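*Asks:* The data below comprise the sequence and an experimental structure of the protein.
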Amino acid sequence: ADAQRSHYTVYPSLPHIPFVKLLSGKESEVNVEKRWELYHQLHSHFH
Amino acid sequence: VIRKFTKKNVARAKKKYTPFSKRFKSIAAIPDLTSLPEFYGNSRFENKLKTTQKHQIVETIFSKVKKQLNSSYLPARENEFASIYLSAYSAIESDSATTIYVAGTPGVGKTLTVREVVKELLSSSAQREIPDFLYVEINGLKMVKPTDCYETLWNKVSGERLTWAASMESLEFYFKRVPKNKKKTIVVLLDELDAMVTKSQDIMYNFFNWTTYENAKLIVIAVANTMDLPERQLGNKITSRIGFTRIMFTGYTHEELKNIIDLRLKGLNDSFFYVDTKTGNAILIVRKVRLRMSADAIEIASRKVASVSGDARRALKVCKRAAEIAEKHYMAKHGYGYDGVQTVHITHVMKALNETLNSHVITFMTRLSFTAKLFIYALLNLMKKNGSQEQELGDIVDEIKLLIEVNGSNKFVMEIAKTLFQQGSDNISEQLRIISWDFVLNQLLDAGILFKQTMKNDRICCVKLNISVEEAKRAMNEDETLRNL
Amino acid sequence: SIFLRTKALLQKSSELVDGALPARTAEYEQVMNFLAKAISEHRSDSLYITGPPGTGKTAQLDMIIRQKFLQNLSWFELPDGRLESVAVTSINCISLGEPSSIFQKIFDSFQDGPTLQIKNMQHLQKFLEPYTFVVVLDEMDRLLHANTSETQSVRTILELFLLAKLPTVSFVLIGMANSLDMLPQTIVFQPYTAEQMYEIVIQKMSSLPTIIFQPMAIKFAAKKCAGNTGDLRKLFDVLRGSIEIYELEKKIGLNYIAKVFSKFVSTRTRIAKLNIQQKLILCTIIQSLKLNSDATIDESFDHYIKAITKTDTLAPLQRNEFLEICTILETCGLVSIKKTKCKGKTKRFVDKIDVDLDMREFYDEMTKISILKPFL
Ligand SMILES: Nc1ncnc2c1ncn2[C@@H]1O[C@H](COP(=O)(O)OP(=O)(O)OP(=O)(O)O)[C@@H](O)[C@H]1O
Ligand SMILES: Nc1ncnc2c1ncn2[C@@H]1O[C@H](COP(=O)(O)OP(=O)(O)OP(=O)(O)O)[C@@H](O)[C@H]1O
Ligand SMILES: [Mg+2]
Ligand SMILES: [Mg+2]
């Protein structure tokens, strides 16, 4: 049992932005992508 | 490259790292090690300590006696000899591996008996009643490191020089895997076994676990101080492997010590010598001088030594010291330098025996100065009043001051108070310590009379007597001044 | 001769003569049940063998790998019985330098080829991962770390054990350890009793033509070598000593077993061999040790002078004469002189007197003498 050990490395299996759809799920995906790009262009401009 | 420290005195031995288990292809490929040139042992420094003598040195009558009583040059060890010889002979004859445990007090003839057993076994193997064997002797106190035993024994077996871990695996492989028809019996004496005890007991377990192996053909004679050394300092595995049948070397009785000394002095006691009166040189067969050492003196020396220790070294040294005392008196009275009846008497034996019995502690404290005696006396007063067995140094300072100022009508104190507190001088102020205060403190610490605590405050540092109180009082009762007050 | 052959069989190094020990059938069957369960199902598990010294754990397991069995690959017969290839090795742990190197010792026991550095169990796990393997760790009590907190001391050993409880690894651990010196399945080897030792002795010298021992002598030796911590090595040494005593004085009976047990094994006789000066010193030593119990020779001599002056029995003697009588009682066994460090404000090494004699027999011997009764 790896839970009974000190440190163990695992490799997850695999078979893309963290922004969610607003307006109770009625907002389009293009508005989500635009909001992502606008957040990054303000964030980079500040930093 | 800039080095953070340097080790510029490294002395590394030319010892290889490959063990015996990796120099042949298999177990069945190992050749017969008995028919090998380097295996089983098949002095260059003796010339360096020789010089030319250009004086005829004068050996008196007592010189042969004193050379005779040396430990370097067995009436009482016949059952221990029989037991060790029977066990070793049975293990050599049957190709068996075994342990023989021997223990005893110093000087009771353990090493001598084991070496005589080994010499008699070699004599038996010379005329072919037992198979040939190798003899290895390992003293635990003659090793720089305890693991050097691993380096020693393998070097006596194979003739190779390896490091200690590689030697240990080589010995393990040789004892476990090499067949008995391919090897030779080895008898190893482990002398001073308590010096081979480590914190993890690796060497002890390895040496007594190789004896439990079938193919080993190893006989280990382990010589120790006490019977209960495995039961005190070793684990239950090593105590189980050593065994239960353990051989006691008890101390000698006075008859045995007397027989040992008489067997030393067998040819020269009650004998005749040709002695040149001008020089004192004695020649065994100008005056014919009859030499004797009395049996009563030897007897009581044997009785005293046997009651104390049973040590043959001590009895031989007491007799040799008596002979030295007699020779010193003889050369004093005859005017003999270094280039009808001579008797080593009983008074010389009693002078030799009492010389290690007279105590110089009271004699030393009797001949100290007045200030050291005053220190000891004030310390005894503090131990009398407060009863602590450890007194502060400031308390000793104030008690010395009080003893000076109370007995200020004593004539000696009136004559010496200016010496203790001004060194007999005007222009020297009244001092807080007496003159030679730290001198007598360090003198009593050097002699081992006192113990001083490690503190940097001089007043509350404590001082304890290391000797008994009555001999200190006795020494204080000899002095005429400290008796009066 | 028959005596030399009997002593050769009675050594600790003698050859063990289907493949089970005479008095160890149940443990042998349990070990084979473990091996048949782990090898056929190809499971990862861990065995742990407990016992007192000389109970036959090493002998039975060496019998198992000798009879019933990439180097160390051996063919093994199942209870079903097709075949199996299994890498079984037996690593003694005292020959290890470091306890953390055992994985490397596990690796070098199996390979020829490549040589890769193993400093943890992970390299061992990835080495054994693409493949079963049995390691027999004898004297595994060496694998505990000294001067290390409980946790870090058990540190390596559970890494030996938890890898034995991992899926998809082909690892079987059989760890034989001594109980007296110190989850996996535990097998205990109980110390032998008298009938088991009798059966072992008769079966082990069944090779010899003529039995030189009497049977009741062997039963008496087995009964005397029994109870808690029952060692078969002790029985072998007792029989070998009986043969040695017999041929030194010249069948073997009860009297020679008693001769061994009296030869190789009391404070009433020690006191009785003393004069009145030495009995006086032994009385003042014990009286001084009631008051202090950490008292030097000078403090023991300190008490003796005060006891004389209130009694005036015998002339008072010097300090070095006192230490000589203490050396005489050291030789007699009544006194045990050690040098240890005192534990006051000033710490140095001092010599102090210890007594371990029986106090019940001390008061009986001294109350008969009237002048010594003030000194109790
Ligand atoms: N039985 C004896 N007969 C004659 N001389 C003896 C006898 N026993 C001892 N000696 C003498 O005493 C010396 C010391 O003996 P030995 O070296 O054997 O002592 P030991 O018992 O091994 O002691 P230690 O523990 O100090 O090594 C010997 O060299 C020898 O001169
Ligand atoms: N049941 C038995 N039948 C025959 N011989 C035995 C038996 N048990 C032990 N022996 C023998 O007793 C001696 C000790 O055996 P072994 O080495 O197996 O003990 P052990 O339990 O490993 O002890 P330790 O913990 O001290 O190692 C050896 O000579 C061995 O051959
Ligand atoms: Mg010696
Ligand atoms: Mg074992």
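*Replies:* Thanks, I have it. Numbers count the residues shown, from 1 in each chain, chains lettered A, B, ... in the order given. Ligands and ions are numbered 1, 2, ... in the order given.

*Asks:* so how far is stretch B:26-40 from its chain's centroid?
*Replies:* 41 Å (CA atoms, centre = their mean, to the nearest Å).

*Asks:* Tell me if that stretch is near chain C.
*Replies:* No - Stretch B:26-40 does not reach chain C (CB under 8 Å from any CB of the partner chain); its nearest approach is 11.1 Å. To be clear about C-beta, it is placed using only N, CA and C from the backbone, and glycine gets the same treatment.

*Asks:* That stretch: end-to-end distance?
*Replies:* End-to-end span of stretch B:26-40 (CA to CA, to the nearest Å): 22 Å.

*Asks:* List the buried residues in that stretch.
*Replies:* Buried positions in stretch B:26-40, judged by neighbour count with 16 or more other CB atoms under 10 Å in any protein chain shown: B:30, B:33, B:39, B:40.

*Asks:* Turn these into TSV, including distance to ligand 1 and secondary structure.
*Replies:* Converted to TSV, the buried residues of stretch B:26-40 look like this (distance: CB to the nearest ligand atom, whole Å; DSSP: H, G, I helix; E, B strand; the rest coil):
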residue	distance to ligand 1	secondary structure
B:30	38	coil
B:33	32	helix
B:39	30	helix
B:40	26	helix
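
*Asks:* List just the nearest of those residues to chain C.
*Replies:* residue B:30 (17.5 Å; CB to the nearest CB).

*Asks:* Please name the nearest non-neighbouring residue to the closest one.
*Replies:* residue B:24 (5.1 Å; CB to CB, 6 or more residues apart in numbering or on different chains).

*Asks:* Can you report how many residues lie near the closest residue to residue C:75 other than its chain neighbours?
*Replies:* The spatially closest residue to residue C:75, leaving aside those adjacent along the chain, is residue C:83, at 5.6 Å (CB to CB, 6+ apart). Residues lying near residue C:83 (other CB atoms under 10 Å in any protein chain shown) number 8.

*Asks:* gap between residue C:83 and residue C:39?
*Replies:* Plainly put, residue C:83 is 11 Å away from residue C:39 if you go by CB to CB, to the nearest Å.

*Asks:* Spit out the residues that contact the two alike.
*Replies:* Common neighbours of residue C:83 and residue C:39 (criterion: CB atoms under 8 Å, 6 or more residues apart in numbering or on different chains): residue C:76.

*Asks:* ok so, going back, if you tally nearby residues, what's the number for the residue nearest to residue B:30?
*Replies:* Every residue meeting other CB under 10 Å relative to residue B:24 is counted, giving 11.

*Asks:* Where does it fall, secondary structure wise?
*Replies:* Using DSSP states H and E, residue B:24 maps to neither a helix nor a strand.

*Asks:* do the same with residue A:32
*Replies:* Going by DSSP H and E, residue A:32 is in helix A:29-46.

*Asks:* show me the contacts for the residue of chain A found nearest ligand 2.
*Replies:* Closest approach between chain A and ligand 2, counting by CB to the nearest ligand atom: residue A:4, at 30.4 Å. Contact partners of residue A:4, counting by CB under 8 Å, 6+ apart, are residue C:162.

*Asks:* Next, the residue nearest the centre of chain C: secondary structure please.
*Replies:* In chain C, the residue lying closest to the centroid (CA atoms, centre = their mean) is residue C:53, at 5.5 Å. Here residue C:53 takes the coil state, with states given by DSSP: H, G, I helix; E, B strand; the rest coil.

*Asks:* same deal with residue C:111?
*Replies:* coil.

*Asks:* Contact partners for it?
*Replies:* C:70, C:71.

*Asks:* Quick check: the gap between it and residue C:89.
*Replies:* Counting by CB to CB, the separation of residue C:111 from residue C:89 is 11 Å.

*Asks:* For residue B:244, pull up the helix or strand it's in.
*Replies:* Judged by DSSP H and E, residue B:244 forms part of no helix or strand.

*Asks:* how close does it get to residue B:80?
*Replies:* 17 Å.

*Asks:* for residue B:60, same thing?
*Replies:* From residue B:60 over to residue B:80 the distance is 38 Å, taken as CB to CB.

*Asks:* what's the answer for residue C:11, then?
*Replies:* Applying CB to CB to residue C:11 and residue B:80 gives a distance of 21 Å.

*Asks:* and the most centrally placed residue in chain A, helix, strand or coil?
*Replies:* Nearest to the mean C-alpha position of chain A, counting by CA atoms, centre = their mean, stands residue A:18 at 2.6 Å. With three-state DSSP as the basis, residue A:18 sits in coil.

*Asks:* Residue C:354 now?
*Replies:* Assignment for residue C:354 (three-state DSSP): strand.

*Asks:* before we move on, what about residue B:274?
*Replies:* Per three-state DSSP, residue B:274 ends up strand.

*Asks:* Just the buried positions in stretch B:217-229, please.
*Replies:* Neighbour-count burial for stretch B:217-229, with 16+ other CB under 10 Å as criterion, is recorded at B:217, B:218, B:219, B:220, B:221, B:222, B:223, B:224, B:226, B:227, B:229.

*Asks:* What of stretch B:316-327?
*Replies:* Neighbour-count burial for stretch B:316-327 flags B:316, B:317, B:318, B:319, B:320, B:321, B:322, B:323, B:324, B:325, B:326, B:327 (criterion: 16+ other CB under 10 Å).

*Asks:* Give the closest residue to the last one in space, chain neighbours not counted.
*Replies:* It stands for residue B:327. Per CB to CB, 6+ apart, closest to residue B:327 is residue B:62, 3.8 Å.

*Asks:* burial count for that neighbour?
*Replies:* The tally of other residues near residue B:62 (other CB under 10 Å) stands at 23.

*Asks:* mind checking which helix or strand it is in?
*Replies:* For residue B:62, the host element (DSSP H and E) is helix B:61-68.

*Asks:* Give me the helices and strands touching the helix or strand just after that helix, please.
*Replies:* Once the chain leaves helix B:61-68, the next helix or strand it forms, by DSSP H and E, is helix B:79-93. Packing partners of helix B:79-93 (3 or more CB pairs under 8 Å, 6 or more residues apart in numbering or on different chains; DSSP states H and E): strand B:98-104, helix B:110-126, strand B:185-191, strand B:218-224, strand B:246-249, helix C:2-9, helix C:232-249.
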